[PDB]
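To begin, one chain is listed below as structure tokens, in the form deposited in one PDB entry.
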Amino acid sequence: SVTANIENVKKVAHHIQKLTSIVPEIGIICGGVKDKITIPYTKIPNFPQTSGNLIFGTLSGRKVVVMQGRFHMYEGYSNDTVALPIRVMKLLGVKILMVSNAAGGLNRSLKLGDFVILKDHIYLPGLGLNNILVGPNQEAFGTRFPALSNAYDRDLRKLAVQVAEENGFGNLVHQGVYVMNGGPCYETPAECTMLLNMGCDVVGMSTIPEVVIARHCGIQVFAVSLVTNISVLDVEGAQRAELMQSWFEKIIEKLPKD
């Protein structure tokens, strides 16, 4: 709807900056914060509309902005719509984006409730000409052809694992390749088999577009899938929510800080 260029994103971010003094260093999109300011999307002009909230505050002694209310491609949201919040985070000061999502577990060693830290992704829609970055490149935010090298910051993944390991739930944590199915259908057994064989570990309908935008504008990304279902290969969340929440809090606690 509203082109996610520097002028429009600057407008939304400037507005939000009147609504709050909190300069978030960490962006959090969830698939508890202290001294919080809850800004409903409805309150934000030219900001995408789900009802969703942008929660600012402090988490493990860090300034965070939480996105409550997500914009999925399968809902029909445009590239710009989905990009805009992430680029706003950029202008607001977000240096690190932490994302959780629900995913089907393709990898046969995954179990319900497992955490699969994304170490890489296969952006099926992206490969198929539905990349969120298709269209004029917004040069203010990033380069025309972003590399997705170390897209899922290895250091953040290392830290997340350590945090999980140190807190006794290291057994739950895997790292894997997330493949995006544009959705909104769940994957057929044939699709899951194909996806597994493509070297995919978990499959979901979200996240990648945000990650691409985040990486495009230089926001480090941390992303974890919660395996909320085990993919069926042949045709013949609430639980782990507070664990994952605790995990995100603890990781943030140990995030480096300027």
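We number the residues from 1 along the sequence you see.
What follows is about the form deposited with a small molecule bound, which we do not show.
Although the small molecule is omitted here, in the deposited complex none of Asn5, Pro48 and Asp80 has a heavy atom within 4.5 Å of it. Between 202-210, 60-68, 215-223, 39-47, the stretch whose residues reach within 4.5 angstroms of the small molecule in the deposited complex through a non-hydrogen atom is 202-210.
This chain lacks the partner; the member of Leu84, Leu97, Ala103, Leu118 within 4.5 angstroms of the small molecule in the deposited complex by a non-hydrogen atom is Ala103. The small molecule is not shown here, and in the deposited complex it never comes within 4.5 Å of any heavy atom of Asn53.
The closest heavy atom approach of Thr193 to the small molecule in the deposited complex falls outside 4.5 Å. In the deposited complex, the small molecule sits beyond 4.5 Å of every heavy atom of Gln138.
Though the partner is left out of this view, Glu187 does reach within 4.5 Å of the small molecule in the deposited complex, counting heavy atoms only.
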